[PDB]
Amino acid sequence: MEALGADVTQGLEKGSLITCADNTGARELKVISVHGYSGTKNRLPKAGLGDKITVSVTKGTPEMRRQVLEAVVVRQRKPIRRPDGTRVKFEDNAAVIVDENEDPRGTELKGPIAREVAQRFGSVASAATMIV
Amino acid sequence: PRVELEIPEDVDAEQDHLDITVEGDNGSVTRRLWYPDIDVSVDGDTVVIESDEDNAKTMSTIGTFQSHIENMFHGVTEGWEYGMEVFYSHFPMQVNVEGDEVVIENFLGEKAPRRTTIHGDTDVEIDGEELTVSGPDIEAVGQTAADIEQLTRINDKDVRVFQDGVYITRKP
Amino acid sequence: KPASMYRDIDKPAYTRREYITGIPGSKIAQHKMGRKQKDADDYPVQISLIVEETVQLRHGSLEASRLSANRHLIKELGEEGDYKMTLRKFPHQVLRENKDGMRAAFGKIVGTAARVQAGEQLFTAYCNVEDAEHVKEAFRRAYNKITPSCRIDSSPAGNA
Amino acid sequence: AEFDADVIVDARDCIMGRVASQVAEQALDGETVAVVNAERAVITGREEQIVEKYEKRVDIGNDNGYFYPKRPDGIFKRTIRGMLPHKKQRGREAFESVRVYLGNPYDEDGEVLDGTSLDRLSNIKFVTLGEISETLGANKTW
Amino acid sequence: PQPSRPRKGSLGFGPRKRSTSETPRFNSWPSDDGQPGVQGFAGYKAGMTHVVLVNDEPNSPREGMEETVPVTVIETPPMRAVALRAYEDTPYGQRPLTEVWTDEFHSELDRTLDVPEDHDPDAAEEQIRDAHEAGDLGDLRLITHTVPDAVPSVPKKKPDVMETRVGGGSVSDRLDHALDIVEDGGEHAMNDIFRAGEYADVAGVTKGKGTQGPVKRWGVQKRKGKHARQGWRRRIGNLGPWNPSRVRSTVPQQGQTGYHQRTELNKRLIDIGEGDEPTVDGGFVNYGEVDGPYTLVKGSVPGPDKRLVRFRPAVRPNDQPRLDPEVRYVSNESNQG
RNA sequence: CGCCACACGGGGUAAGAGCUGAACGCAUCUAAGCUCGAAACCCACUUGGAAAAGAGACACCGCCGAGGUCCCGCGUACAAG
RNA sequence: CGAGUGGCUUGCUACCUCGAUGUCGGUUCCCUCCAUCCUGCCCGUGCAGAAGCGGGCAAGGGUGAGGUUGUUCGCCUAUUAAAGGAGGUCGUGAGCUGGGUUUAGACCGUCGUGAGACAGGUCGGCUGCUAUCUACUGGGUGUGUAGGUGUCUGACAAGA
RNA sequence: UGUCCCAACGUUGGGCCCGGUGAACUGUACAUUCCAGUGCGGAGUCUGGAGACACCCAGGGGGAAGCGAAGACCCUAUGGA
RNA sequence: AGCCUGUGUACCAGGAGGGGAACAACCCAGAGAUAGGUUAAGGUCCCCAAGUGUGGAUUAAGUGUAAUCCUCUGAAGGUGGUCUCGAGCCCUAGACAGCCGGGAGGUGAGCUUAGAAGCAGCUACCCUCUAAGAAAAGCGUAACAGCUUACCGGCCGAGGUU
Ligand SMILES: [Cl-]
Ligand SMILES: [Cl-]
Ligand SMILES: [Cl-]
Ligand SMILES: [Cl-]
Ligand SMILES: [Cl-]
Ligand SMILES: [Cl-]
Ligand SMILES: [Cl-]
Ligand SMILES: [K+]
Ligand SMILES: [Mg+2]
Ligand SMILES: [Mg+2]
Ligand SMILES: [Mg+2]
Ligand SMILES: [Mg+2]
Ligand SMILES: [Mg+2]
Ligand SMILES: [Mg+2]
Ligand SMILES: [Mg+2]
Ligand SMILES: [Mg+2]
Ligand SMILES: [Mg+2]
Ligand SMILES: [Mg+2]
Ligand SMILES: [Mg+2]
Ligand SMILES: [Mg+2]
Ligand SMILES: [Mg+2]
Ligand SMILES: [Mg+2]
Ligand SMILES: [Mg+2]
Ligand SMILES: [Mg+2]
Ligand SMILES: [Mg+2]
Ligand SMILES: [Mg+2]
Ligand SMILES: [Mg+2]
Ligand SMILES: [Mg+2]
Ligand SMILES: [Mg+2]
Ligand SMILES: [Mg+2]
Ligand SMILES: [Mg+2]
Ligand code: NA
Ligand code: NA
Ligand code: NA
Ligand code: NA
Ligand code: NA
Ligand code: NA
Ligand code: NA
Ligand code: NA
Ligand code: NA
Ligand code: NA
Ligand code: NA
Ligand code: NA
Ligand code: NA
Ligand code: NA
Ligand code: NA
Ligand code: NA
Ligand code: NA
Ligand SMILES: [Sr+2]
Ligand SMILES: [Sr+2]
Ligand SMILES: [Sr+2]
Ligand SMILES: [Sr+2]
Ligand SMILES: [Sr+2]
Ligand SMILES: [Sr+2]
Ligand SMILES: [Sr+2]
Ligand SMILES: [Sr+2]
Ligand SMILES: [Sr+2]
Ligand SMILES: [Sr+2]
Ligand SMILES: [Sr+2]
Ligand SMILES: [Sr+2]
Ligand SMILES: [Sr+2]
Ligand SMILES: [Sr+2]
Ligand SMILES: [Sr+2]
Ligand SMILES: [Sr+2]
Ligand SMILES: [Sr+2]
Ligand SMILES: [Sr+2]
Ligand SMILES: [Sr+2]
Ligand SMILES: [Sr+2]
Ligand SMILES: [Sr+2]
Ligand SMILES: [Sr+2]
Ligand SMILES: [Sr+2]
Ligand SMILES: [Sr+2]
Ligand SMILES: [Sr+2]
Ligand SMILES: [Sr+2]
């Protein structure tokens, strides 16, 4: 994919439960897979800021629950490093449900997003209120 | 068996060891004719290829040594020439000679230029959509022509649709 | 079952129907083919397929070869072509199989085969000097379905 | 570093195994032998199958080790060792009184041993120790 | 189903034993191109700090922007090219033929060598040039040593000696070039060889860690779950199958880890200067203060502070040179804290 | 869990694409010869390596003294050594 | 229908071992094979392209994470360039585990007059040893080459 | 929630070196082995090659079908309970 | 099956010594001690005693350098790889191949069909000019055209073909 523009220490793994930062009706998401990733023996697949991931809906509306969807990680608690050396970390781990074209399924994003993410998925960005 | 080849008056044939050199007004060509028990030599105004063996394998090479020698006679006088036409459908192909190699550009719209080095003292002349490869050494000349055509070989797609390339039009 | 199991003559002759029961029927549909109403002497050419090694040929193999040979002769000369071919051997040898370890191992009856000594004619065809090559092709296809190597020998035929 | 050889053999265009056999015979008889121009020694057959064999010897090995030589220098010296009981006193003595050289470090020229010569005009299927070494990856120091 | 998995550790850096010379020894040299010139230099590791640079990469989305970059400070005072050794080509590879020495020797070179009192530089030169006439001359190299004394943070005074090849134009020209340097007094500097922004290969003897087990030394797993409480925590499963009935040298075992020579490729030289601009407040931990010739290498360098590190023009650079990077800031903040 | 560094390019081939070419006047990529062509082979690069028994090379110093050991203060080293 | 190769399945034999060579599966760690799943290079196509499908060279590297089940196997899920198969005492208990199998306690179904039995099911149920030799990973002392210091060479060796 | 991803750093007692004390298991012999083969078909000792200068320290245990127990399984005995 | 179970015989068991790499029963050989000599099986380039023996031929695959065998594999099928032998027919009245030239008229045969003219199908398949030349063998065309085969002539010159 397009260079992120920052160094990321993946703070999530297959099975991690995270916040769904949008208004799709999904409240909590579970990580099932990470797009383009291939690990190594005994290694739990990891995902972090900027990665596109397959998710299953753990908490939310009946219609959304249990659905297997694609999403993009927009925030994480583990730090990331920007070109100038500073580390950046968020209050929580969150992702936004996205479709086959990477356009947000929802209509509004909740909470801040990382500039790095916004830049990779512009349509996701063109929905963000705050971009840190 | 023994075969004698009367050398042309335009030509001079000298040979030391297993190498033979032929010179004419069109240049010179040297070759190595080495095979078990086949002696090649210049006896006065004639070249001799002889052997005490006469089995299928020996006879085969004797016949081969001859054509090679007659081809050298021809090349040093009349010379050798292959004609080639450059054909392209959608993307204009730029064919040019640069240094000791012919360079082809925009083949099928490629950014990177395709190229091949010219063998021997072979000469390559292009005029419009026509190329003429010529020289005294049929080996070097023949290969150079072939290399140019090969240089536009495509394996990836259907050739019947994509035919762009430089093809040998006339074979000497 | 592989022919390696029965192609050799490594057992007594086992053919007595009076002491053997349950013998499977043969798969060979015909032994005399072509125009079997006409004599063999009525032909200028006589070509046989000769076996080069002594062996046993199971009926399933005689049928496959004969079939794959007459079939060709039919395809090249027609369902009524002026020719005639003969499979001169019949599968008299009964074969067993021990199908409990080596205890009371005598096998149950599973098939039949014909014993052919090297040099013998398995098949023999009679054709006109025209179809002489169509029969040589039928045999080529026949010896490809039986164990041993074979010689396609041309008996009456000095038209070459 | 100086080797008073009673005999100086010229391996140029000579069948390696045939020379090796005579050099071993002479070393056992007490002769100090120096084989010269090893890189030009010859071996008959398909270059392709000959090389496959020497490449296999190079690839063989394990912790204990199977150190096989790559230079015409050692290839030849090893060829001779396989014809000498190099683990016995008399055998090691013979082997150690034999040396092989790249080119010819002597002023005198070596002699060509009878029966070991190969006629290039009558043979095309043969390879040169030097050619084998280069294929094996040796540094063509000769 | 027994999933695949690469082996633990590389089999290309062994045997994993203690290095014979603490002074690194290059096993390769750059190719001959430009004018003749010494193909290497040396210095002593001091510590690290960071700098802020203006992006150089013309293919980078960030070209022309601030970028923080880690830097290892290496004190690189002048060295003395004390002699010229010539190698001749022989059937058994390259062998030293002779050397051309000088008269002016640093006051303490006698702490390592038996400095020459009676030498003849002309007979030697003669022999060398004769070898070139004959065409049996192999590469040309300079016997070089460092001047530890010029570095206060380093206790030693005994110079460290290494041979450095001289590459360049034609042999006749670089042979002359070599003799020039030597005869003077041999004194040369980091400038004479490298320019800020070029790529160098750095060689050094890594930090020693004495004996360490397979987990640390080879990166094998520790026993897991219940397997970690039975009496085995940091031991591998087995030393091999029933057959072959022997332990292969390829199985990860305990032993010496660290203090091995390593050659790190393509280290970008960020800046070559002199003074105390890179020095750190309070002093580099376990080293001292820098105030003199120095070199800022991008990233890390093998070895502990004070160890002798060697530079060489990169022999396999991946990228083109972008000389004299713009340094907008050099951290001097204390390294304690 | 952080940070840095980890080729391009040569050489010879396989399958394959061809050149010249005869046995077999022609034809033929093959029989002799040749041009190309794989992450594979060799080289490039890194690491070990004078116990390589052909047991190595060079320079200087020294044989009444060069160098070294013990001793002492210490670690860029270290289980003893 | 015919001819073979392997020794991965199963069967057969009873040649070795009953003064004992500790079962299956898993795990950990190492080497290998090719009948190639991916990756490189090719040929054909019912090859426009994109992509399929079939075939050739090729073992350098890779071939991963999860749900049921002791399972091997297999079924299933989301990823992936692909998530190949096989040998090493069905590699690996003087390395680990002890879930299955396979002692003594007990229950069920079936069988048996009964004691008791049943590759039928079920709950519980023990894992000894200070390494002599050899092998290998690292570290020393001597001898040999034959006064000392410093610098090298490079036969061979390892690498993905 | 360090069971795991994926391991790290630290604490105490050992381990290592020194003084003193001071056993046992085990031992047909020889024994520096490795790759193949052969052999009662599962060899450090046979055959062919390869490798191999001697001794010592620490180590984790691949092999000696390692040591420990005249196989508790299976069968046999004109055995026992 | 290095299996099971018979039979005859010699061997191992209980049999050395020589050979077979090693190897109970495959080969030589049955053996008191000691000594000289000659052979046996098997071998004679080196390891290792004896040939780098002679006349001749074949093989280019390192085939092979392996009597026997659990032990040494190699099959059905295929081969213009190469060597040797034989039979038929053609040929200096010029063969085989190649190259050059000619391949022509009635007449686009008749039928079928809107049309089909060598070449959809059906039937016939005849004669002029001539050194040859089909009522056309293979492509080709909507049908023609066009490209070749047969057939004749020339150049060339020695074996060719089955
Ligand atoms: Cl996954
Ligand atoms: Cl090895
Ligand atoms: Cl020996
Ligand atoms: Cl030859
Ligand atoms: Cl574990
Ligand atoms: Cl007797
Ligand atoms: Cl061979
Ligand atoms: K037992
Ligand atoms: Mg696992
Ligand atoms: Mg700090
Ligand atoms: Mg700080
Ligand atoms: Mg038994
Ligand atoms: Mg045991
Ligand atoms: Mg294959
Ligand atoms: Mg396609
Ligand atoms: Mg591999
Ligand atoms: Mg097992
Ligand atoms: Mg074990
Ligand atoms: Mg145990
Ligand atoms: Mg234990
Ligand atoms: Mg249970
Ligand atoms: Mg009870
Ligand atoms: Mg039971
Ligand atoms: Mg249970
Ligand atoms: Mg007992
Ligand atoms: Mg019992
Ligand atoms: Mg009783
Ligand atoms: Mg007995
Ligand atoms: Mg005698
Ligand atoms: Mg002898
Ligand atoms: Mg063979
Ligand atoms: Na040979
Ligand atoms: Na080797
Ligand atoms: Na324990
Ligand atoms: Na075991
Ligand atoms: Na290449
Ligand atoms: Na088989
Ligand atoms: Na591979
Ligand atoms: Na599963
Ligand atoms: Na076992
Ligand atoms: Na196991
Ligand atoms: Na256990
Ligand atoms: Na186990
Ligand atoms: Na812990
Ligand atoms: Na052990
Ligand atoms: Na007897
Ligand atoms: Na013997
Ligand atoms: Na062979
Ligand atoms: Sr039988
Ligand atoms: Sr057959
Ligand atoms: Sr001799
Ligand atoms: Sr396994
Ligand atoms: Sr150095
Ligand atoms: Sr080196
Ligand atoms: Sr335990
Ligand atoms: Sr073993
Ligand atoms: Sr080819
Ligand atoms: Sr030495
Ligand atoms: Sr036992
Ligand atoms: Sr293969
Ligand atoms: Sr592929
Ligand atoms: Sr199993
Ligand atoms: Sr199952
Ligand atoms: Sr079960
Ligand atoms: Sr049960
Ligand atoms: Sr249990
Ligand atoms: Sr000695
Ligand atoms: Sr031995
Ligand atoms: Sr221990
Ligand atoms: Sr001879
Ligand atoms: Sr002969
Ligand atoms: Sr066996
Ligand atoms: Sr056999
Ligand atoms: Sr065959």
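Before moving on, here are some points about what is shown:
- Region A:27-47 - residue that is loosely packed, with under 11 Cβ neighbours inside 10 Å and more than 19 Å from A:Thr9 (Cβ to Cβ) and, of those, farthest from ligand 3 (Cβ to nearest atom): A:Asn42
- Residues being away from every other protein chain (no Cβ under 14 Å), small (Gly, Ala, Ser) and more than 16 Å from ligand 5 (Cβ to nearest atom) are represented in region D:62-84 by at least one member.
- Here D:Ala27 fulfils each of the conditions (1) within 16 Å of ligand 3 (Cβ to nearest atom); (2) within 14 Å of chain E (Cβ to nearest Cβ) apart from (2).
- Across region A:45-83, the number of residues qualifying as small (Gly, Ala, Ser) and closer than 20 Å to A:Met1 by Cα comes to 4.
- Qualifying residue in region E:209-219 (condition: assigned to a loop (DSSP other than H, G, I, E, B) and aliphatic (A, V, I, L, M)): no
- Verdict on E:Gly64 being within 14 Å of A:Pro83 (Cα to Cα), among the small types (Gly, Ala, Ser), surrounded by fewer than 18 Cβ atoms within 10 Å (Cβ to Cβ) and over 17 Å from the mean Cα position of the chain (by Cα): yes
- Subset of region E:218-254 (residues that are under 15 Å from E:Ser10 (Cβ atoms) and either small (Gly, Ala, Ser) or within 16 Å of ligand 51 (Cβ to nearest atom) (or both)): E:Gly219, E:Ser249
- All of (1) away from every other protein chain (no Cβ under 14 Å); (2) in a loop (DSSP other than H, G, I, E, B); (3) surrounded by fewer than 17 Cβ atoms within 10 Å (Cβ to Cβ) hold for D:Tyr106 with one exception: (1).
- Contacts under 6 angstrom Cβ, first residue in region A:89-111 being closer than 18 Å to A:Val34 by Cα, partner basic (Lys, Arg) and not in a strand (DSSP E or B), 6 or more apart: A:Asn93/A:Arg77; A:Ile97/A:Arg105; A:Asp99/A:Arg105
- Region A:27-49 - residue that is more than 24 Å from E:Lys224 (Cβ to Cβ) and within 16 Å of RNA strand F (Cβ to nearest atom) and, of those, farthest from the other protein chains (Cβ to nearest Cβ): A:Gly48
- Filter pass, B:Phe87 being of a type in the set (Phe, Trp, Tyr) and touching a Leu at 6+ places or on another chain (Cβ under 6 Å): no
- In region A:59-90, of all residues being surrounded by fewer than 16 Cβ atoms within 10 Å (Cβ to Cβ) and farther than 28 Å from E:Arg62 by Cβ, the one that is nearest to the other protein chains (Cβ to nearest Cβ) corresponds to A:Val68.
- Within region A:1-26, restricting attention to residues that are buried (at least 16 other Cβ atoms within 10 Å of the Cβ) and charged (D, E, K, R), the residue that is nearest to the other protein chains (Cβ to nearest Cβ) is A:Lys14.
- Looking only at region C:96-113, and only at residues there that are within 15 Å of C:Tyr14 (Cβ to Cβ) and among the charged types (D, E, K, R), the one that is surrounded by the most Cβ atoms within 10 Å (Cβ to Cβ): C:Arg96
- Only residues that are in a helix (DSSP H, G or I) and surrounded by 16 or more Cβ atoms within 10 Å (Cβ to Cβ) were counted in region B:104-139, giving 4.
- Neighbours by Cβ (under 6 Å, 6+ apart or cross-chain): first from region D:121-135, within 23 Å of D:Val100 (Cβ to Cβ); second within 13 Å of ligand 32 (Cβ to nearest atom) and of a type in the set (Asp, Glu): D:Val127/D:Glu47
- From D:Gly115, D:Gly103, D:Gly110, residue being within 16 Å of ligand 32 (Cβ to nearest atom) and more than 22 Å from B:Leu33 (Cα to Cα): D:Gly115
- Any hit, region D:34-56, residues being more than 19 Å from D:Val127 (Cα to Cα) and either more than 16 Å from ligand 56 (Cβ to nearest atom) or among the hydroxyl-bearing types (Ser, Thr, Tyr) (or both): yes
- Flag for D:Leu113 being within 13 Å of chain E (Cβ to nearest Cβ), in a loop (DSSP other than H, G, I, E, B) and in contact with a helix residue (DSSP H, G or I) (Cβ under 8 Å, 6 or more places away or on another chain): no
- C:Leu62, sole failed condition from (1) under 16 Å from C:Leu95 (Cβ atoms); (2) buried (at least 20 other Cβ atoms within 10 Å of the Cβ); (3) in contact with a strand residue (DSSP E or B) (Cβ under 6 Å, 6 or more places away or on another chain): (3)
- Looking only at residues of region E:11-29 that are among the hydroxyl-bearing types (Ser, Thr, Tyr) and surrounded by 10 or more Cβ atoms within 10 Å (Cβ to Cβ), we find that the one that is nearest to E:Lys216 (Cα to Cα) is E:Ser19.
- Number of the condition not met by E:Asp114 [criteria: (1) charged (D, E, K, R); (2) away from chain D (no Cβ under 14 Å); (3) not in a loop (DSSP other than H, G, I, E, B)]: (3)
- Within region E:241-260, being surrounded by fewer than 16 Cβ atoms within 10 Å (Cβ to Cβ) and among the hydroxyl-bearing types (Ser, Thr, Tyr) holds for E:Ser245, E:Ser249, E:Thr250.
- Residues satisfying the stated conditions in region A:111-126, i.e. crowded, with 17+ Cβ neighbours inside 10 Å and not in a helix (DSSP H, G or I): A:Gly111, A:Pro112, A:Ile113, A:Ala114, A:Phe121
- Near pairs, Cβ below 9 angstrom, 6+ apart or cross-chain, from region E:239-264 (away from every other protein chain (no Cβ under 14 Å)) to any residue that is aromatic (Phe, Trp, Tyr): E:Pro252/E:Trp218; E:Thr257/E:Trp218; E:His260/E:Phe13; E:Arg262/E:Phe13; E:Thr263/E:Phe26
- When residues in region D:104-125 are screened for being within 30 Å of E:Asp89 (Cβ to Cβ) and within 11 Å of RNA strand F (Cβ to nearest atom), 1 of them pass.
- Among the residues of region E:64-110, those that are away from chain A (no Cβ under 14 Å), within 24 Å of E:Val290 (Cβ to Cβ), not in a loop (DSSP other than H, G, I, E, B) and not β-branched (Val, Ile, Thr) comprise E:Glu75, E:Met79, E:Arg80.
Bear in mind these aren't lab numbers, they're just calculated from the coordinates by the rules spelled out. When we count neighbours, we look across all protein chains shown, and the Cβ atoms used for this are built from the backbone with ideal geometry, even at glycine.
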